[PDB]
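Q: from the sequence below, what's the structure:
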Amino acid sequence: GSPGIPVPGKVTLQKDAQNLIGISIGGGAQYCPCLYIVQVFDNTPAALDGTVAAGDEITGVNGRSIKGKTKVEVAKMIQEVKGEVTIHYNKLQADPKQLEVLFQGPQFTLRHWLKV
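A: Numbering: from 1, shown residues only. For reference, the structure is listed below:
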């Protein structure tokens, strides 16, 4: 599908020594907005050449959206693609009200996120 995302983009990298990208995915926190990527490690492909760092909207893995399956499965999808890595991302300016919501500052929402 296509929900009309702002500015879509993709960066292609390759798996880390740990067989991942070096990120953490949560499908939104406060009101479950978007974001997906909650944190990254600078020396991971994701951060380093990737720049899919904390605050970016990783909406798809290697061309296929993650928003449709399951946390555990999406990490698997990324581990599945052995040796390679591609991230689809977006960048929402939102509106003041929704911008601070997308910002994620209030950390009352713990939840159980995923990581690769």
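Q: please enumerate the strands of the chain.
A: If DSSP state E is used as the criterion, the strands of the chain fall at 9-13, 23-27, 35-40, 57-61, 64-65, 85-90, 114-115.
Q: now these as CSV including mean neighbour count and distance to residue 3?
A: Heads up, the C-betas are built off the backbone N, CA and C, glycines and all. Shown next, in CSV, are those (neighbours: other Cβ atoms under 10 Å; distance: least, Cβ to Cβ, whole Å):
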stretch, mean neighbour count, distance to residue 3
strand 9-13, 16, 16
strand 23-27, 21, 14
strand 35-40, 22, 14
strand 57-61, 23, 9
strand 64-65, 14, 10
strand 85-90, 21, 10
strand 114-115, 19, 21
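Q: now do the contacts for residue 27.
A: 36, 66, 67, 71 (Cβ atoms under 8 Å, 6 or more residues apart in numbering).
Q: and for residue 99?
A: Contacts of residue 99 were listed using Cβ under 8 Å, 6+ apart, and they are residue 93.
Q: how much space separates it from residue 20?
A: Going from residue 99 to residue 20 by Cβ to Cβ, to the nearest Å gives 30 Å.
Q: go on, residue 98?
A: 30 Å.
Q: of these two, who's got more company?
A: Shown here are residue 98 and residue 20; by other Cβ atoms under 10 Å, residue 20 has more neighbours (18 against 14).
Q: just the buried residues of the contacts of residue 27.
A: For the contacts of residue 27, a neighbour count by 16 or more other Cβ atoms under 10 Å gives the buried set as 36, 66, 71.
Q: need these in a markdown table (columns: distance to residue 26).
A: What follows is those, written out as a markdown table (distance: Cβ to Cβ, whole Å):
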| residue | distance to residue 26 |
| --- | --- |
| 36 | 7 |
| 66 | 11 |
| 71 | 8 |
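Q: from those, which is closest to residue 108?
A: Among those, residue 36 lies closest to residue 108 (Cβ to Cβ), at 19.0 Å.
Q: might you report the residue contacts of the nearest residue to the closest one once chain neighbours are set aside?
A: Excluding the flanking residues, the one nearest residue 36 by Cβ to Cβ, 6 or more residues apart in numbering is residue 58, at 4.6 Å. Applying Cβ under 8 Å, 6+ apart, we find residue 58 in contact with 23, 25, 36, 37, 52, 66, 87, 88, 89.
Q: thank you kindly, that will do.
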